[PDB]
Structures are given as structure tokens and as C-alpha cells.
>>> print(open('work23.cif').read())   # mmCIF, C-alpha atoms
data_structure
#
loop_
_atom_site.label_atom_id
_atom_site.label_comp_id
_atom_site.auth_asym_id
_atom_site.auth_seq_id
_atom_site.Cartn_x
_atom_site.Cartn_y
_atom_site.Cartn_z
CA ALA A 3 -35.16 252.91 -49.85
CA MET A 4 -36.26 252.80 -46.20
CA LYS A 5 -37.81 249.57 -44.84
CA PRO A 6 -40.86 249.78 -42.54
CA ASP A 7 -40.13 249.53 -38.83
CA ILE A 8 -40.75 245.90 -37.84
CA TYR A 9 -41.87 245.11 -34.31
CA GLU A 10 -42.23 241.81 -32.45
CA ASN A 11 -42.71 240.67 -28.86
CA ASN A 12 -41.15 237.42 -27.64
CA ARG A 13 -41.52 238.24 -23.95
CA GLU A 14 -44.23 237.37 -21.41
CA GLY A 15 -47.16 239.73 -21.39
CA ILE A 16 -47.23 243.16 -22.96
CA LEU A 17 -44.70 245.03 -25.08
CA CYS A 18 -45.60 248.44 -26.37
CA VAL A 19 -44.18 248.70 -29.86
CA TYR A 20 -45.46 251.96 -31.38
CA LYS A 21 -46.38 255.23 -29.67
CA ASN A 22 -47.10 258.76 -30.80
CA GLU A 23 -48.82 261.72 -29.09
CA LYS A 24 -52.26 260.25 -29.91
CA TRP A 25 -52.26 256.43 -29.90
CA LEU A 26 -50.16 253.42 -29.16
CA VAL A 27 -50.01 249.81 -30.35
CA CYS A 28 -48.99 246.91 -28.12
CA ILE A 29 -48.38 243.22 -28.72
CA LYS A 30 -49.57 241.02 -25.84
CA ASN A 31 -48.46 237.41 -25.26
CA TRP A 32 -49.61 235.06 -22.53
CA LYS A 33 -49.03 236.13 -18.92
CA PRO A 34 -50.23 234.43 -15.69
CA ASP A 35 -53.09 236.86 -14.91
CA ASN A 36 -54.62 236.14 -18.29
CA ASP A 37 -54.36 232.36 -17.87
CA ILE A 38 -57.60 230.54 -17.08
CA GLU A 39 -56.05 229.60 -13.71
CA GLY A 40 -54.83 233.12 -13.02
CA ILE A 41 -57.95 235.20 -13.72
CA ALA A 42 -58.29 237.44 -10.65
CA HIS A 43 -59.15 241.03 -11.59
CA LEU A 44 -60.61 243.17 -14.33
CA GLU A 45 -59.39 246.51 -15.70
CA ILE A 46 -61.21 249.65 -16.72
CA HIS A 47 -60.10 252.68 -18.73
CA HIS A 48 -61.86 255.91 -17.82
CA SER A 49 -60.64 257.98 -20.75
CA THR A 50 -59.90 255.68 -23.71
CA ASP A 51 -61.53 253.09 -25.87
CA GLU A 52 -59.38 250.04 -26.69
CA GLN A 53 -59.38 247.74 -29.70
CA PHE A 54 -58.12 244.15 -29.70
CA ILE A 55 -56.97 241.98 -32.58
CA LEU A 56 -56.24 238.26 -32.14
CA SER A 57 -53.15 237.08 -34.05
CA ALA A 58 -52.38 233.53 -32.79
CA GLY A 59 -53.98 230.97 -30.51
CA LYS A 60 -57.29 231.38 -28.73
CA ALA A 61 -58.60 234.15 -26.53
CA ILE A 62 -61.68 235.23 -24.66
CA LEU A 63 -62.54 238.83 -23.87
CA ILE A 64 -64.34 239.32 -20.54
CA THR A 65 -66.53 242.40 -20.32
CA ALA A 66 -68.50 243.41 -17.25
CA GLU A 67 -70.58 245.98 -15.48
CA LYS A 68 -70.29 246.58 -11.78
CA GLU A 69 -73.61 246.53 -9.95
CA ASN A 70 -73.38 247.34 -6.26
CA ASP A 71 -70.23 245.38 -5.37
CA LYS A 72 -70.63 242.51 -7.88
CA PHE A 73 -69.79 242.13 -11.57
CA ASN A 74 -72.31 241.10 -14.21
CA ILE A 75 -70.00 239.19 -16.58
CA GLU A 76 -70.02 238.51 -20.34
CA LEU A 77 -67.54 236.27 -22.20
CA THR A 78 -66.80 236.70 -25.91
CA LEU A 79 -64.67 234.15 -27.77
CA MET A 80 -62.39 236.16 -30.09
CA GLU A 81 -62.18 235.32 -33.76
CA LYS A 82 -59.15 235.89 -35.93
CA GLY A 83 -60.05 238.43 -38.64
CA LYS A 84 -62.28 240.56 -36.41
CA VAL A 85 -61.61 243.69 -34.38
CA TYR A 86 -63.10 244.07 -30.85
CA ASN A 87 -63.69 247.37 -29.15
CA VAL A 88 -64.06 247.91 -25.40
CA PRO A 89 -65.40 251.44 -24.91
CA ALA A 90 -64.14 253.59 -22.04
CA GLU A 91 -65.81 252.84 -18.69
CA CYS A 92 -66.42 249.19 -19.54
CA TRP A 93 -64.64 246.65 -17.29
CA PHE A 94 -62.71 244.02 -19.24
CA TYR A 95 -59.87 241.55 -19.28
CA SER A 96 -58.51 238.76 -21.46
CA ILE A 97 -58.25 235.00 -20.99
CA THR A 98 -55.47 233.53 -23.12
CA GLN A 99 -53.39 230.39 -23.64
CA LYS A 100 -49.66 229.92 -23.72
CA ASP A 101 -49.45 230.33 -27.51
CA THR A 102 -51.89 233.26 -27.75
CA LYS A 103 -50.80 236.58 -29.26
CA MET A 104 -52.97 239.68 -29.71
CA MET A 105 -52.46 243.32 -30.50
CA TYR A 106 -54.25 246.23 -28.92
CA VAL A 107 -54.69 249.90 -29.68
CA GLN A 108 -55.51 252.66 -27.19
CA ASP A 109 -54.81 256.35 -26.39
CA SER A 110 -51.10 257.06 -25.83
CA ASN A 111 -51.83 258.63 -22.46
CA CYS A 112 -51.35 255.23 -20.73
CA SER A 113 -50.81 256.38 -17.16
CA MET A 114 -52.88 254.43 -14.64
CA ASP A 115 -54.06 257.87 -13.54
CA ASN A 116 -57.12 257.28 -15.72
CA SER A 117 -57.55 253.51 -15.35
CA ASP A 118 -58.22 251.08 -12.50
CA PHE A 119 -58.19 247.38 -11.60
CA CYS A 120 -60.70 245.61 -9.35
CA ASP A 121 -60.58 242.11 -7.90
CA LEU A 122 -63.11 239.50 -8.88
CA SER A 123 -64.78 237.58 -6.05
CA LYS A 124 -64.33 233.80 -5.55
CA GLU A 125 -67.69 232.95 -7.17
CA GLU A 126 -66.86 235.26 -10.05
CA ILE A 127 -63.50 233.61 -10.71
CA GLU A 128 -65.05 230.11 -10.51
CA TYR A 129 -67.94 231.21 -12.74
CA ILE A 130 -65.57 232.58 -15.36
CA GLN A 131 -63.35 229.47 -15.19
CA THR A 132 -66.32 227.07 -15.58
CA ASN A 133 -67.67 228.86 -18.65
CA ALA A 134 -64.34 229.83 -20.20
CA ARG A 135 -63.07 226.23 -20.11
CA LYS A 136 -66.02 225.32 -22.34
CA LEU A 137 -65.93 228.45 -24.48
CA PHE A 138 -62.28 227.89 -25.45
CA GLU A 139 -63.36 224.73 -27.24
CA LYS A 140 -66.49 226.02 -29.05
CA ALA B 3 -73.34 243.42 -19.03
CA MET B 4 -72.32 245.12 -22.28
CA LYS B 5 -70.51 243.06 -24.96
CA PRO B 6 -67.55 244.59 -26.82
CA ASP B 7 -68.33 246.04 -30.24
CA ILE B 8 -67.41 243.36 -32.79
CA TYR B 9 -66.30 244.41 -36.26
CA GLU B 10 -65.69 242.41 -39.43
CA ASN B 11 -65.19 243.12 -43.13
CA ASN B 12 -66.47 240.69 -45.75
CA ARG B 13 -66.26 243.17 -48.63
CA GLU B 14 -63.55 243.83 -51.22
CA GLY B 15 -60.84 246.18 -50.07
CA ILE B 16 -61.04 248.47 -47.08
CA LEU B 17 -63.68 248.90 -44.39
CA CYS B 18 -63.07 251.38 -41.64
CA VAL B 19 -64.43 249.86 -38.46
CA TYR B 20 -63.42 252.13 -35.57
CA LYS B 21 -62.84 255.89 -35.54
CA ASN B 22 -62.42 258.53 -32.88
CA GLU B 23 -61.02 262.09 -32.97
CA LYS B 24 -57.43 260.73 -32.86
CA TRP B 25 -57.09 257.37 -34.64
CA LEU B 26 -58.92 254.88 -36.74
CA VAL B 27 -58.72 251.13 -37.38
CA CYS B 28 -59.52 249.53 -40.72
CA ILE B 29 -59.78 245.94 -41.93
CA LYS B 30 -58.46 245.46 -45.48
CA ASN B 31 -59.24 242.45 -47.70
CA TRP B 32 -57.95 241.76 -51.18
CA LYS B 33 -58.71 244.33 -53.89
CA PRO B 34 -57.43 244.45 -57.51
CA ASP B 35 -54.82 247.22 -57.01
CA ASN B 36 -53.15 245.14 -54.32
CA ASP B 37 -53.08 241.99 -56.45
CA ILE B 38 -49.71 241.05 -57.93
CA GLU B 39 -51.24 241.65 -61.38
CA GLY B 40 -52.80 244.96 -60.38
CA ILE B 41 -49.85 246.76 -58.72
CA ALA B 42 -49.79 250.19 -60.38
CA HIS B 43 -49.24 252.98 -57.86
CA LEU B 44 -47.92 253.72 -54.40
CA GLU B 45 -49.41 255.91 -51.66
CA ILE B 46 -47.86 258.37 -49.26
CA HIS B 47 -49.20 259.99 -46.09
CA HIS B 48 -47.76 263.42 -45.36
CA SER B 49 -49.09 263.76 -41.83
CA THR B 50 -49.55 260.30 -40.29
CA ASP B 51 -47.64 257.16 -39.55
CA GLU B 52 -49.49 253.90 -40.30
CA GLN B 53 -49.21 250.46 -38.71
CA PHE B 54 -50.14 247.19 -40.41
CA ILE B 55 -51.03 243.84 -38.90
CA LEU B 56 -51.42 240.70 -41.04
CA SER B 57 -54.35 238.49 -39.97
CA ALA B 58 -54.82 235.88 -42.76
CA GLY B 59 -53.04 234.84 -45.93
CA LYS B 60 -49.83 236.33 -47.24
CA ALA B 61 -48.83 239.92 -47.87
CA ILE B 62 -45.90 242.01 -48.95
CA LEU B 63 -45.39 245.63 -47.94
CA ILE B 64 -43.71 247.78 -50.62
CA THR B 65 -41.82 250.79 -49.33
CA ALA B 66 -40.02 253.28 -51.53
CA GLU B 67 -38.23 256.56 -51.85
CA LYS B 68 -38.66 258.79 -54.86
CA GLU B 69 -35.38 259.91 -56.42
CA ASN B 70 -35.77 262.32 -59.31
CA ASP B 71 -38.75 260.72 -61.09
CA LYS B 72 -38.03 257.06 -60.19
CA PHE B 73 -38.75 254.92 -57.12
CA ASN B 74 -36.08 253.02 -55.22
CA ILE B 75 -38.16 250.03 -54.05
CA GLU B 76 -37.99 247.67 -51.05
CA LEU B 77 -40.21 244.61 -50.51
CA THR B 78 -40.90 243.19 -47.04
CA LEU B 79 -42.75 239.89 -46.64
CA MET B 80 -45.15 240.37 -43.70
CA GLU B 81 -45.20 237.89 -40.84
CA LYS B 82 -48.22 237.11 -38.73
CA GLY B 83 -47.50 238.17 -35.13
CA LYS B 84 -45.53 241.29 -36.06
CA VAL B 85 -46.52 244.92 -36.41
CA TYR B 86 -45.15 247.03 -39.32
CA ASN B 87 -44.90 250.79 -39.27
CA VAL B 88 -44.67 253.04 -42.33
CA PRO B 89 -43.66 256.51 -41.09
CA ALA B 90 -45.18 259.62 -42.65
CA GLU B 91 -43.52 260.67 -45.92
CA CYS B 92 -42.56 257.12 -46.86
CA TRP B 93 -44.16 255.77 -50.07
CA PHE B 94 -45.79 252.37 -49.62
CA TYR B 95 -48.40 249.92 -50.80
CA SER B 96 -49.45 246.33 -50.20
CA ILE B 97 -49.38 243.21 -52.38
CA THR B 98 -51.96 240.67 -51.24
CA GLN B 99 -53.73 237.48 -52.30
CA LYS B 100 -57.41 236.69 -52.52
CA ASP B 101 -57.56 235.26 -48.98
CA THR B 102 -55.40 237.96 -47.36
CA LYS B 103 -56.75 240.07 -44.49
CA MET B 104 -54.86 242.78 -42.61
CA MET B 105 -55.69 245.57 -40.22
CA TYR B 106 -54.21 249.03 -40.22
CA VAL B 107 -54.08 251.94 -37.82
CA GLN B 108 -53.57 255.62 -38.72
CA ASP B 109 -54.63 259.17 -37.73
CA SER B 110 -58.40 259.72 -37.98
CA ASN B 111 -57.88 262.74 -40.21
CA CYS B 112 -58.09 260.51 -43.33
CA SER B 113 -58.81 263.13 -45.97
CA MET B 114 -56.63 262.78 -49.05
CA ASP B 115 -55.80 266.43 -48.40
CA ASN B 116 -52.65 265.17 -46.67
CA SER B 117 -51.88 262.07 -48.75
CA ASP B 118 -51.06 261.32 -52.39
CA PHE B 119 -50.78 258.48 -54.91
CA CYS B 120 -48.17 258.19 -57.67
CA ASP B 121 -48.00 255.78 -60.59
CA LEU B 122 -45.23 253.26 -60.88
CA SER B 123 -43.45 253.04 -64.24
CA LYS B 124 -43.56 249.90 -66.45
CA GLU B 125 -40.10 248.70 -65.34
CA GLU B 126 -41.08 249.33 -61.73
CA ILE B 127 -44.25 247.26 -62.00
CA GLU B 128 -42.39 244.41 -63.77
CA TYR B 129 -39.57 244.60 -61.22
CA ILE B 130 -41.99 244.37 -58.32
CA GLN B 131 -43.93 241.51 -59.97
CA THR B 132 -40.75 239.49 -60.68
CA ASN B 133 -39.49 239.76 -57.10
CA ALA B 134 -42.86 239.58 -55.35
CA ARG B 135 -43.80 236.34 -57.13
CA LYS B 136 -40.73 234.77 -55.52
CA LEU B 137 -41.06 236.52 -52.17
CA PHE B 138 -44.62 235.25 -51.66
CA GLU B 139 -43.21 231.73 -51.52
CA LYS B 140 -40.18 232.30 -49.25
#
>>> encode(input="work23.cif", output="C-alpha cells")
Amino acid sequence: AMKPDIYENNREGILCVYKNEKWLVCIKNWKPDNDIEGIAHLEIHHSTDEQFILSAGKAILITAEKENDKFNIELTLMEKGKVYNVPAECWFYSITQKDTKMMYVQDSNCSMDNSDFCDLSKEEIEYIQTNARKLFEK
Amino acid sequence: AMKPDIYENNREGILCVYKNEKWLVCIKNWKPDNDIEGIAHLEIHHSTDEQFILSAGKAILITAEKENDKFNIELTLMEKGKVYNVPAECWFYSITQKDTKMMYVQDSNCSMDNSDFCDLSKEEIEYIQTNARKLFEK
């Protein structure tokens, strides 16, 4: 009998583990631009929703809207056992710790042709750091 | 700023939480036909692969091939932090405990038009129960 395919990621950051012509599934470990000290930019997908599932450790999901040239920011502490969805055209990013692991699901057309990054300002980074420090412990 | 959509399942069995025209994401809790005592049939998807992610508790993924009228059975103890894929046309089912929670991803065309169930025989159920009892503790 055939076993299931079994996927893991022991590397920094993201490893895509399953892809077909419709969706993909990635396992994401800690990487510097998700560390509380390294938060510097948000991402946006113009053409796909994305779901996130926390597996190990703690994580916060930043979501934002861009108003003029400034972000209005929300922080959501992720809970193990829940699924989070960031709809297309919503800015987002993660804050994670060295032992954090999460999985995400999105459309398999993962060219950056249909996504973008944007830098956060200095006040925005400090604002996120101040509140995320606290939120990680709540 | 918009929050992410936040999904949970506190009910028995399966709750589909995210769907689009390509994929869906479900959260599955314990239900009797996944209990070690309740294992009675396997499932097969003819047209979709499916990925499984363990969130809480313990779980075993049964995979099988059908040879004549009997199943050749494999058991895989799931690990938190890994992703498991059951390709289309592979028989499978889960064995879970009352506090188990997992998520799964498959094609959003989830009619049973393209899937089937098949009963396990008496020897097959006893065989799975004997080995799964042990495997849950390894």
C-alpha cells in the first residue's frame, strides 16, 4: 500500500511543499523579516486569498489598509486550532518567534506579478513593536 | 483596518470554513467513525488530492490499496509540524482521539459525485485496531 507524501520544513523561512494547478501549501518557519526586531514591510496579494494555520510557537498576523501614504494597522494574536484568512487586496504580514511554525494556503499562481510589498514607516514599525511585544504575552 | 477572517470549529466532526472556486479548507474534530472503536470504512477521492495538518491531540492516517476485494493497509502516525498528502485514487481515513483537531485542504468541488466510501472487513477493522492502539503511543 502507498504511504501519504510526508512534508516538513527545517529551513529558515518558507518552503513550499505541495502545489497543483489550483493551490499550494507552504510551511513557514521563523525568518528575520518576521521577527519583532525585523518587521519592515507588509505584503499584499492582488489575486488570491490566503489562509494561515499556526502549528508551533506564537504568532501575530498584521493586517492593514493603506490610507494616503500611511497604514492603518491591526494586530491579531493567532490561536492554535483556528484558521485565519487574509482576503485579496488586504495588506498583511506575520510576526513570529524562533520556534514558530505555521502553514499557509494560497493560489498556485505565486508569481509576484500579482502581489506587492511596501515598506512601513519608522513610527509604524515602532508602533507595531510596542504593541506586539505586549500581545505576544497575552 | 480590516481584521482577517477568523474561523474555528467546536462541533463534532467536520466544519468547512473557507471555500473558493478552486479549494477549500476544513477543520475536523473527533467524530465516532474516526474513533479507534468506530473505524469501519475508508474514503477515496477520484479527482482531488488532499492535504492534512494535525493541530491538537494525536492522529493516525490510514492509507490503502484495494487488491481484489481486500485492502492492503498502511498506518502513519501524524506529527505536528508536518503536512501529509493523500493523492487522488488512494484510499484513506483518519483515526483520532476525543481531543484531536486537524485541518484539511482539497478541491472545492466536494460533491460525492467524484468520491466513494468502502467498508472494511472484520479482519481489517481488528487489524487496524490492534496496530493503531500501539501506534498511538509510539
>>> residues_around(input="work23.cif", residues="residue 38 in chain B", least_positions_apart="2", cutoff="10 Å", atoms="all atoms listed in the file", output="PyMOL selection string")
chain B and resi 34-36+40-42+62+96-99+127-128+130-132+134-135+138
>>> residues_near_point(input="work23.cif", point="(-64.6, 238.6, -17.5)", cutoff="7 Å", atoms="all atoms listed in the file", output="PDB file with C-alpha atoms, in the coordinates of the input")
ATOM      1  CA  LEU A  44     -60.610 243.170 -14.330  1.00  0.00           C
ATOM      2  CA  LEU A  63     -62.540 238.830 -23.870  1.00  0.00           C
ATOM      3  CA  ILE A  64     -64.340 239.320 -20.540  1.00  0.00           C
ATOM      4  CA  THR A  65     -66.530 242.400 -20.320  1.00  0.00           C
ATOM      5  CA  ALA A  66     -68.500 243.410 -17.250  1.00  0.00           C
ATOM      6  CA  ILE A  75     -70.000 239.190 -16.580  1.00  0.00           C
ATOM      7  CA  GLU A  76     -70.020 238.510 -20.340  1.00  0.00           C
ATOM      8  CA  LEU A  77     -67.540 236.270 -22.200  1.00  0.00           C
ATOM      9  CA  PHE A  94     -62.710 244.020 -19.240  1.00  0.00           C
ATOM     10  CA  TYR A  95     -59.870 241.550 -19.280  1.00  0.00           C
ATOM     11  CA  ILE A 130     -65.570 232.580 -15.360  1.00  0.00           C
TER      12      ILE A 130
END
>>> atom_distance(input="work23.cif", atom1="CA of residue 101 in chain A", atom2="CA of residue 78 in chain B")
24.9 Å
>>> axis_aligned_box(input="work23.cif", around="range 90-105 of chain B", padding_each_side="3 Å", output="lines of an AutoDock Vina configuration file")
center_x = -50.1
center_y = 248.0
center_z = -46.4
size_x = 21.0
size_y = 31.4
size_z = 18.3
>>> closest_atom_pairs(input="work23.cif", of="chain A", to="chain B", cutoff="6 Å", atoms="only C-alpha atoms", output="JSON lines")
{"residue": "A:3", "atom": "CA", "partner": "B:66", "partner_atom": "CA", "distance": 5.2}
{"residue": "A:6", "atom": "CA", "partner": "B:88", "partner_atom": "CA", "distance": 5.0}
{"residue": "A:7", "atom": "CA", "partner": "B:87", "partner_atom": "CA", "distance": 5.0}
{"residue": "A:8", "atom": "CA", "partner": "B:86", "partner_atom": "CA", "distance": 4.8}
{"residue": "A:9", "atom": "CA", "partner": "B:85", "partner_atom": "CA", "distance": 5.1}
{"residue": "A:10", "atom": "CA", "partner": "B:84", "partner_atom": "CA", "distance": 4.9}
{"residue": "A:24", "atom": "CA", "partner": "B:24", "partner_atom": "CA", "distance": 6.0}
{"residue": "A:57", "atom": "CA", "partner": "B:83", "partner_atom": "CA", "distance": 5.9}
{"residue": "A:66", "atom": "CA", "partner": "B:3", "partner_atom": "CA", "distance": 5.2}
{"residue": "A:67", "atom": "CA", "partner": "B:3", "partner_atom": "CA", "distance": 5.2}
{"residue": "A:74", "atom": "CA", "partner": "B:3", "partner_atom": "CA", "distance": 5.4}
{"residue": "A:75", "atom": "CA", "partner": "B:3", "partner_atom": "CA", "distance": 5.9}
{"residue": "A:83", "atom": "CA", "partner": "B:57", "partner_atom": "CA", "distance": 5.9}
{"residue": "A:84", "atom": "CA", "partner": "B:10", "partner_atom": "CA", "distance": 4.9}
{"residue": "A:85", "atom": "CA", "partner": "B:9", "partner_atom": "CA", "distance": 5.1}
{"residue": "A:86", "atom": "CA", "partner": "B:8", "partner_atom": "CA", "distance": 4.8}
{"residue": "A:87", "atom": "CA", "partner": "B:7", "partner_atom": "CA", "distance": 4.9}
{"residue": "A:88", "atom": "CA", "partner": "B:6", "partner_atom": "CA", "distance": 5.0}
>>> atom_distance(input="work23.cif", atom1="CA of residue 123 in chain A", atom2="CA of residue 60 in chain A")
24.7 Å
>>> atom_distance(input="work23.cif", atom1="CA of residue 111 in chain A", atom2="CA of residue 90 in chain A")
13.3 Å
>>> residues_around(input="work23.cif", residues="residue 33 in chain A", least_positions_apart="6", cutoff="8 Å", atoms="only C-alpha atoms", output="list in words")
residues 14, 15 and 100 of chain A
>>> decode(input="work23.cif", residues="range 67-117 of chain B", atoms="C-alpha atoms", output="mmCIF file, in the first residue's frame")
data_model
loop_
_atom_site.group_PDB
_atom_site.id
_atom_site.type_symbol
_atom_site.label_atom_id
_atom_site.label_comp_id
_atom_site.auth_asym_id
_atom_site.auth_seq_id
_atom_site.Cartn_x
_atom_site.Cartn_y
_atom_site.Cartn_z
ATOM 1 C CA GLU B 67 -4.815 -0.032 -1.889
ATOM 2 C CA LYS B 68 -7.628 -2.335 -2.866
ATOM 3 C CA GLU B 69 -6.472 -5.668 -4.268
ATOM 4 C CA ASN B 70 -9.263 -7.919 -5.458
ATOM 5 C CA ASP B 71 -11.796 -7.349 -2.654
ATOM 6 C CA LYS B 72 -9.318 -6.753 0.213
ATOM 7 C CA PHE B 73 -7.364 -3.704 1.391
ATOM 8 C CA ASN B 74 -3.596 -3.666 1.825
ATOM 9 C CA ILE B 75 -3.325 -1.211 4.743
ATOM 10 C CA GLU B 76 -0.658 1.267 5.907
ATOM 11 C CA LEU B 77 -0.801 3.327 9.115
ATOM 12 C CA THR B 78 1.105 6.605 9.514
ATOM 13 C CA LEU B 79 1.264 8.356 12.891
ATOM 14 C CA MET B 80 0.852 12.086 12.169
ATOM 15 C CA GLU B 81 3.326 14.588 13.549
ATOM 16 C CA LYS B 82 2.516 18.170 14.399
ATOM 17 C CA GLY B 83 4.557 20.458 12.119
ATOM 18 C CA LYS B 84 4.286 18.237 9.041
ATOM 19 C CA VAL B 85 1.899 18.239 6.099
ATOM 20 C CA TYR B 86 0.522 14.920 4.721
ATOM 21 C CA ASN B 87 -0.762 14.465 1.212
ATOM 22 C CA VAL B 88 -3.120 11.711 0.051
ATOM 23 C CA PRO B 89 -3.097 11.757 -3.760
ATOM 24 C CA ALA B 90 -6.307 11.172 -5.712
ATOM 25 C CA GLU B 91 -7.240 7.489 -6.082
ATOM 26 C CA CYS B 92 -5.606 6.489 -2.807
ATOM 27 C CA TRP B 93 -7.967 5.067 -0.153
ATOM 28 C CA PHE B 94 -7.585 6.731 3.243
ATOM 29 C CA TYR B 95 -9.174 7.620 6.542
ATOM 30 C CA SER B 96 -8.203 9.060 9.909
ATOM 31 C CA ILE B 97 -8.068 7.597 13.415
ATOM 32 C CA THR B 98 -8.369 10.304 16.062
ATOM 33 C CA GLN B 99 -8.975 10.846 19.770
ATOM 34 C CA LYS B 100 -11.517 12.990 21.539
ATOM 35 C CA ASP B 101 -9.175 15.993 21.773
ATOM 36 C CA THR B 102 -7.772 15.704 18.231
ATOM 37 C CA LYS B 103 -8.095 18.588 15.766
ATOM 38 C CA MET B 104 -6.765 18.666 12.203
ATOM 39 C CA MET B 105 -7.221 20.791 9.131
ATOM 40 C CA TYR B 106 -7.500 19.569 5.586
ATOM 41 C CA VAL B 107 -7.295 21.110 2.146
ATOM 42 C CA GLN B 108 -8.862 19.755 -1.061
ATOM 43 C CA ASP B 109 -10.538 20.860 -4.334
ATOM 44 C CA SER B 110 -13.697 22.922 -3.750
ATOM 45 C CA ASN B 111 -15.718 20.579 -5.950
ATOM 46 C CA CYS B 112 -16.650 18.455 -2.882
ATOM 47 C CA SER B 113 -19.642 16.587 -4.259
ATOM 48 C CA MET B 114 -19.520 12.858 -3.553
ATOM 49 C CA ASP B 115 -20.008 12.532 -7.306
ATOM 50 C CA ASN B 116 -16.241 12.072 -7.535
ATOM 51 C CA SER B 117 -15.537 10.256 -4.253
#
